[PDB]
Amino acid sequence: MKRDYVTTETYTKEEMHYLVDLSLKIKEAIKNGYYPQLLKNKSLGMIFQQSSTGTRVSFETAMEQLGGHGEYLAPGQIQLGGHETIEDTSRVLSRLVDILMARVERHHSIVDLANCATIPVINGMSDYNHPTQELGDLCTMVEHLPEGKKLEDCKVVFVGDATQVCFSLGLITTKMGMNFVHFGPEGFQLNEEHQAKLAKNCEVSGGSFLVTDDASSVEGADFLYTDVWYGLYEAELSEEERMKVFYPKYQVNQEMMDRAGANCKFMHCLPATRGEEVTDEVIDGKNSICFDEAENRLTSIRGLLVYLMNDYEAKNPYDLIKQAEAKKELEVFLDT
């Protein structure tokens, strides 16, 4: 028996709070030079169907810091297209590593992997969502709360394209009872299915959501968040096309930040295209927190790995009598 981390839709507000608290406590230990060896001798399979810097390095570093090891399985090493291949691969890998992550081209691949594997599976980004980004961004907002405001009192505005990161930000903010806005142009907004999921979250949490092309919607934002304009890895929009759609209205510049408010913080999942979605002035300015945010990709990944492996061990406990017997038998064999 295992638990997966494919979407925050299967996690409650209270569970997300626990993950944040766990992640931040591990962070404070490591920041002061204590590395808790919570994944000693454990192996993570890391399946990447696309390129990655932040996610890949975070997983590999996290495993080392916690006493285990991450194995990088590059694009083309593992095919996740067809159910039959995915079932066989899942069953082989489940016997060979303790935990799995995958960054996939199509969301059904990560859903299928999690369904077939008997070990925990983590979504490292798909075309649909990006749940490790969600947890990292939540950690970051908690660390940068406005003076005298609670999390649920905050307004978070995503500017631009309806990327998987846009949707994921909507999912986590509404799950935590916050106020979310997607400020984006017609034809590039979160769709009806996206909005129904955000509505369902708000019906439980007391938060709110709005999807609009009204420029005034940035006003009062505590966090202003953006992402690239070129769309999906496999099928990018050209420079000329994306400028036509988004520029200059959706460029996060100092004017937009000032319209949001003097204390509004700037966030971006990275990598950023400077001179497009954001200007140098904003991303390098005093109210940019996007490099703290990048660090918190590692923060959240450490907490997730520990949570999922602790869950696995609680559901599949070791028998300490048989452990002692097995250790003694091995030692006797190697001595005699």
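The numbering used is simple: start at 1 and walk along the sequence shown.
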key: Which of 194-202 and 73-81 has higher mean CA B factor, as the PDB entry lists it   = 73-81
request  = Would you tell me which stretch averages the higher CA B-factor in the PDB entry, 236-244 or 178-186?
outcome  = 236-244
key: Out of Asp137, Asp98, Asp161, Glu219, highest CA B-factor residue   = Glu219
ask   = Out of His130, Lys150, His107, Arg103, which one has a C-alpha B factor higher than all the others in the entry?
value = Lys150
message = Among the modelled residues of this chain, does the Cα B factor of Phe167 put it in the lowest, middle or highest third?
response = lowest
key: Record-listed C-alpha B factor of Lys286: chain third   = highest
task = Among all modelled residues of this chain, ranked by Cα B factor, put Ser94 in the bottom, middle or top third, i.e. lowest, middle or highest.
result = middle
message = When the deposited Cα B-factors of this chain's modelled residues are ordered and cut into thirds, is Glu295 in the lowest, the middle or the highest one?
response = lowest
task = Classify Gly207 as lowest, middle or highest third according to the C-alpha B-factor given in the PDB entry, relative to its own chain.
result = middle
